[PDB]
file coords09.cif (mmCIF, N, CA and C atoms and all ligand atoms; chains and numbers go by the auth columns)
data_work
loop_
_atom_site.group_PDB
_atom_site.id
_atom_site.type_symbol
_atom_site.label_atom_id
_atom_site.label_comp_id
_atom_site.label_asym_id
_atom_site.label_seq_id
_atom_site.Cartn_x
_atom_site.Cartn_y
_atom_site.Cartn_z
_atom_site.B_iso_or_equiv
_atom_site.auth_seq_id
_atom_site.auth_asym_id
ATOM 1 N N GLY A 1 -22.533 -18.980 10.849 0.00 1 A
ATOM 2 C CA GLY A 1 -21.997 -17.647 11.052 0.00 1 A
ATOM 3 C C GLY A 1 -20.804 -17.359 10.163 0.00 1 A
ATOM 4 N N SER A 2 -19.606 -17.609 10.683 0.00 2 A
ATOM 5 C CA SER A 2 -18.381 -17.369 9.931 0.00 2 A
ATOM 6 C C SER A 2 -18.495 -17.925 8.515 0.00 2 A
ATOM 7 N N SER A 3 -17.872 -17.238 7.564 0.00 3 A
ATOM 8 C CA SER A 3 -17.906 -17.659 6.168 0.00 3 A
ATOM 9 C C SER A 3 -16.941 -16.830 5.325 0.00 3 A
ATOM 10 N N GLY A 4 -16.519 -17.390 4.197 0.00 4 A
ATOM 11 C CA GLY A 4 -15.599 -16.690 3.320 0.00 4 A
ATOM 12 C C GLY A 4 -15.242 -17.498 2.089 0.00 4 A
ATOM 13 N N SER A 5 -15.641 -17.003 0.921 0.00 5 A
ATOM 14 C CA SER A 5 -15.365 -17.690 -0.335 0.00 5 A
ATOM 15 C C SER A 5 -13.888 -18.062 -0.438 0.00 5 A
ATOM 16 N N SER A 6 -13.564 -18.910 -1.408 0.00 6 A
ATOM 17 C CA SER A 6 -12.190 -19.350 -1.612 0.00 6 A
ATOM 18 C C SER A 6 -11.322 -18.201 -2.118 0.00 6 A
ATOM 19 N N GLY A 7 -10.144 -18.050 -1.521 0.00 7 A
ATOM 20 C CA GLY A 7 -9.239 -16.988 -1.924 0.00 7 A
ATOM 21 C C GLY A 7 -8.587 -16.303 -0.741 0.00 7 A
ATOM 22 N N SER A 8 -8.333 -15.005 -0.876 0.00 8 A
ATOM 23 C CA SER A 8 -7.704 -14.234 0.188 0.00 8 A
ATOM 24 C C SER A 8 -6.301 -14.755 0.481 0.00 8 A
ATOM 25 N N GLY A 9 -5.573 -15.102 -0.577 0.00 9 A
ATOM 26 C CA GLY A 9 -4.223 -15.612 -0.414 0.00 9 A
ATOM 27 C C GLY A 9 -3.339 -14.668 0.377 0.00 9 A
ATOM 28 N N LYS A 10 -2.104 -15.088 0.626 0.00 10 A
ATOM 29 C CA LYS A 10 -1.155 -14.274 1.377 0.00 10 A
ATOM 30 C C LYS A 10 -1.251 -12.808 0.965 0.00 10 A
ATOM 31 N N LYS A 11 -1.745 -11.974 1.873 0.00 11 A
ATOM 32 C CA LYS A 11 -1.887 -10.548 1.606 0.00 11 A
ATOM 33 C C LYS A 11 -0.619 -9.793 1.994 0.00 11 A
ATOM 34 N N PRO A 12 -0.383 -8.650 1.333 0.00 12 A
ATOM 35 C CA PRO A 12 0.790 -7.812 1.594 0.00 12 A
ATOM 36 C C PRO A 12 0.721 -7.125 2.954 0.00 12 A
ATOM 37 N N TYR A 13 0.156 -5.923 2.976 0.00 13 A
ATOM 38 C CA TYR A 13 0.030 -5.160 4.211 0.00 13 A
ATOM 39 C C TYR A 13 -1.391 -5.243 4.760 0.00 13 A
ATOM 40 N N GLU A 14 -1.602 -4.650 5.931 0.00 14 A
ATOM 41 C CA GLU A 14 -2.916 -4.657 6.564 0.00 14 A
ATOM 42 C C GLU A 14 -3.064 -3.479 7.523 0.00 14 A
ATOM 43 N N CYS A 15 -4.012 -2.597 7.226 0.00 15 A
ATOM 44 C CA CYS A 15 -4.257 -1.426 8.059 0.00 15 A
ATOM 45 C C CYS A 15 -4.639 -1.838 9.478 0.00 15 A
ATOM 46 N N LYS A 16 -4.857 -0.848 10.337 0.00 16 A
ATOM 47 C CA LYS A 16 -5.230 -1.106 11.722 0.00 16 A
ATOM 48 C C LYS A 16 -6.677 -0.695 11.981 0.00 16 A
ATOM 49 N N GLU A 17 -7.124 0.347 11.288 0.00 17 A
ATOM 50 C CA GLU A 17 -8.489 0.838 11.443 0.00 17 A
ATOM 51 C C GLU A 17 -9.441 0.102 10.505 0.00 17 A
ATOM 52 N N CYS A 18 -9.295 0.351 9.208 0.00 18 A
ATOM 53 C CA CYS A 18 -10.142 -0.285 8.206 0.00 18 A
ATOM 54 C C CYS A 18 -9.617 -1.674 7.854 0.00 18 A
ATOM 55 N N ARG A 19 -8.493 -2.047 8.457 0.00 19 A
ATOM 56 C CA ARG A 19 -7.887 -3.349 8.208 0.00 19 A
ATOM 57 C C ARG A 19 -7.865 -3.660 6.714 0.00 19 A
ATOM 58 N N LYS A 20 -7.402 -2.699 5.922 0.00 20 A
ATOM 59 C CA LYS A 20 -7.327 -2.869 4.475 0.00 20 A
ATOM 60 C C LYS A 20 -5.893 -3.138 4.033 0.00 20 A
ATOM 61 N N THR A 21 -5.737 -4.020 3.050 0.00 21 A
ATOM 62 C CA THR A 21 -4.418 -4.366 2.535 0.00 21 A
ATOM 63 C C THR A 21 -4.007 -3.431 1.403 0.00 21 A
ATOM 64 N N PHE A 22 -2.751 -3.534 0.983 0.00 22 A
ATOM 65 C CA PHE A 22 -2.233 -2.697 -0.094 0.00 22 A
ATOM 66 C C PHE A 22 -1.146 -3.428 -0.876 0.00 22 A
ATOM 67 N N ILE A 23 -1.318 -3.498 -2.191 0.00 23 A
ATOM 68 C CA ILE A 23 -0.353 -4.168 -3.054 0.00 23 A
ATOM 69 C C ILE A 23 1.014 -3.497 -2.974 0.00 23 A
ATOM 70 N N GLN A 24 1.016 -2.168 -2.973 0.00 24 A
ATOM 71 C CA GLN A 24 2.257 -1.407 -2.898 0.00 24 A
ATOM 72 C C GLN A 24 2.361 -0.663 -1.571 0.00 24 A
ATOM 73 N N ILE A 25 3.588 -0.475 -1.099 0.00 25 A
ATOM 74 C CA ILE A 25 3.824 0.222 0.159 0.00 25 A
ATOM 75 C C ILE A 25 3.508 1.708 0.032 0.00 25 A
ATOM 76 N N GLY A 26 3.607 2.227 -1.188 0.00 26 A
ATOM 77 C CA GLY A 26 3.327 3.632 -1.422 0.00 26 A
ATOM 78 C C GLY A 26 1.880 3.989 -1.143 0.00 26 A
ATOM 79 N N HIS A 27 0.961 3.210 -1.706 0.00 27 A
ATOM 80 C CA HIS A 27 -0.464 3.449 -1.515 0.00 27 A
ATOM 81 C C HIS A 27 -0.821 3.450 -0.032 0.00 27 A
ATOM 82 N N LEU A 28 -0.080 2.672 0.750 0.00 28 A
ATOM 83 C CA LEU A 28 -0.319 2.582 2.187 0.00 28 A
ATOM 84 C C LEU A 28 0.387 3.712 2.928 0.00 28 A
ATOM 85 N N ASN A 29 1.599 4.035 2.488 0.00 29 A
ATOM 86 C CA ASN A 29 2.379 5.100 3.109 0.00 29 A
ATOM 87 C C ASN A 29 1.541 6.363 3.276 0.00 29 A
ATOM 88 N N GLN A 30 0.666 6.618 2.309 0.00 30 A
ATOM 89 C CA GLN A 30 -0.197 7.793 2.349 0.00 30 A
ATOM 90 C C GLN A 30 -1.484 7.498 3.110 0.00 30 A
ATOM 91 N N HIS A 31 -2.112 6.372 2.788 0.00 31 A
ATOM 92 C CA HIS A 31 -3.353 5.974 3.442 0.00 31 A
ATOM 93 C C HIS A 31 -3.184 5.945 4.958 0.00 31 A
ATOM 94 N N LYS A 32 -2.208 5.173 5.425 0.00 32 A
ATOM 95 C CA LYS A 32 -1.941 5.058 6.854 0.00 32 A
ATOM 96 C C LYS A 32 -2.089 6.409 7.545 0.00 32 A
ATOM 97 N N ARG A 33 -1.603 7.459 6.892 0.00 33 A
ATOM 98 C CA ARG A 33 -1.682 8.806 7.445 0.00 33 A
ATOM 99 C C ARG A 33 -3.131 9.276 7.529 0.00 33 A
ATOM 100 N N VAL A 34 -3.890 9.031 6.465 0.00 34 A
ATOM 101 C CA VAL A 34 -5.292 9.428 6.419 0.00 34 A
ATOM 102 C C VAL A 34 -6.000 9.096 7.727 0.00 34 A
ATOM 103 N N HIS A 35 -5.496 8.085 8.428 0.00 35 A
ATOM 104 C CA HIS A 35 -6.080 7.669 9.698 0.00 35 A
ATOM 105 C C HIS A 35 -5.532 8.508 10.849 0.00 35 A
ATOM 106 N N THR A 36 -5.548 9.826 10.675 0.00 36 A
ATOM 107 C CA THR A 36 -5.053 10.738 11.698 0.00 36 A
ATOM 108 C C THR A 36 -5.908 10.669 12.957 0.00 36 A
ATOM 109 N N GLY A 37 -7.180 11.035 12.825 0.00 37 A
ATOM 110 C CA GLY A 37 -8.082 11.007 13.961 0.00 37 A
ATOM 111 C C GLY A 37 -9.476 10.544 13.583 0.00 37 A
ATOM 112 N N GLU A 38 -10.457 11.425 13.755 0.00 38 A
ATOM 113 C CA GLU A 38 -11.841 11.099 13.431 0.00 38 A
ATOM 114 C C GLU A 38 -12.237 9.751 14.029 0.00 38 A
ATOM 115 N N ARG A 39 -11.920 9.562 15.306 0.00 39 A
ATOM 116 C CA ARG A 39 -12.241 8.319 15.996 0.00 39 A
ATOM 117 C C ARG A 39 -13.399 8.519 16.968 0.00 39 A
ATOM 118 N N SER A 40 -14.132 7.443 17.239 0.00 40 A
ATOM 119 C CA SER A 40 -15.270 7.502 18.148 0.00 40 A
ATOM 120 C C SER A 40 -16.325 8.477 17.635 0.00 40 A
ATOM 121 N N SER A 41 -16.594 8.420 16.335 0.00 41 A
ATOM 122 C CA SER A 41 -17.578 9.300 15.718 0.00 41 A
ATOM 123 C C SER A 41 -18.745 8.497 15.150 0.00 41 A
ATOM 124 N N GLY A 42 -19.222 7.528 15.927 0.00 42 A
ATOM 125 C CA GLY A 42 -20.330 6.702 15.484 0.00 42 A
ATOM 126 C C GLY A 42 -21.622 7.032 16.205 0.00 42 A
ATOM 127 N N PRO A 43 -21.758 6.534 17.443 0.00 43 A
ATOM 128 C CA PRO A 43 -22.950 6.765 18.264 0.00 43 A
ATOM 129 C C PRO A 43 -23.061 8.214 18.728 0.00 43 A
ATOM 130 N N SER A 44 -24.292 8.668 18.943 0.00 44 A
ATOM 131 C CA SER A 44 -24.534 10.036 19.387 0.00 44 A
ATOM 132 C C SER A 44 -23.696 11.025 18.582 0.00 44 A
ATOM 133 N N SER A 45 -23.628 10.806 17.273 0.00 45 A
ATOM 134 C CA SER A 45 -22.857 11.674 16.392 0.00 45 A
ATOM 135 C C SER A 45 -23.452 11.688 14.987 0.00 45 A
ATOM 136 N N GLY A 46 -22.989 12.625 14.164 0.00 46 A
ATOM 137 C CA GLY A 46 -23.486 12.728 12.804 0.00 46 A
ATOM 138 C C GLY A 46 -22.438 12.353 11.775 0.00 46 A
HETATM 139 ZN ZN ZN B . -7.142 2.159 6.838 0.00 1 B
#

call {"tool": "encode", "arguments": {"input": "coords09.cif", "output": "structure tokens"}}
result
Amino acid sequence: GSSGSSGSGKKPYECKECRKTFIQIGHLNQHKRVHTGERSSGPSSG
């Protein structure tokens, strides 16, 4: 099951939704906001 190639060294930041990292705080400062809402839009949805 679990698996992961070699790498993924100490990462900078880490989102909460897409759990994505960011080299610079600026790129995240804006992204973080992008996660305003649009939640629970998977099942029984388009
Ligand atoms: Zn995100």

call {"tool": "atom_distance", "arguments": {"input": "coords09.cif", "atom1": "atom C of residue 22 of chain A", "atom2": "atom CA of residue 35 of chain A"}}
result
16.1 Å

call {"tool": "residues_near_ligand", "arguments": {"input": "coords09.cif", "ligand": "ligand ZN 1 (chain B)", "cutoff": "6.5 Å", "atoms": "only N, CA and C atoms and all ligand atoms", "output": "number ranges by chain"}}
result
A: 15-20, 31-32, 35

call {"tool": "resolve_selection", "arguments": {"input": "coords09.cif", "expression": "the PyMOL selection byres (((chain A and resi 12) around 7) and not hetatm)", "output": "PyMOL selection string"}}
result
chain A and resi 9-11+13-14+21-23

call {"tool": "axis_aligned_box", "arguments": {"input": "coords09.cif", "around": "segment 1-19 of chain A", "padding_each_side": "3 Å", "output": "lines of an AutoDock Vina configuration file"}}
result
center_x = -10.9
center_y = -9.3
center_z = 4.9
size_x = 29.3
size_y = 26.2
size_z = 20.1

call {"tool": "atom_distance", "arguments": {"input": "coords09.cif", "atom1": "atom CA of residue 25 of chain A", "atom2": "atom CA of residue 3 of chain A"}}
result
28.8 Å

call {"tool": "atom_distance", "arguments": {"input": "coords09.cif", "atom1": "atom C of residue 46 of chain A", "atom2": "atom CA of residue 33 of chain A"}}
result
21.5 Å
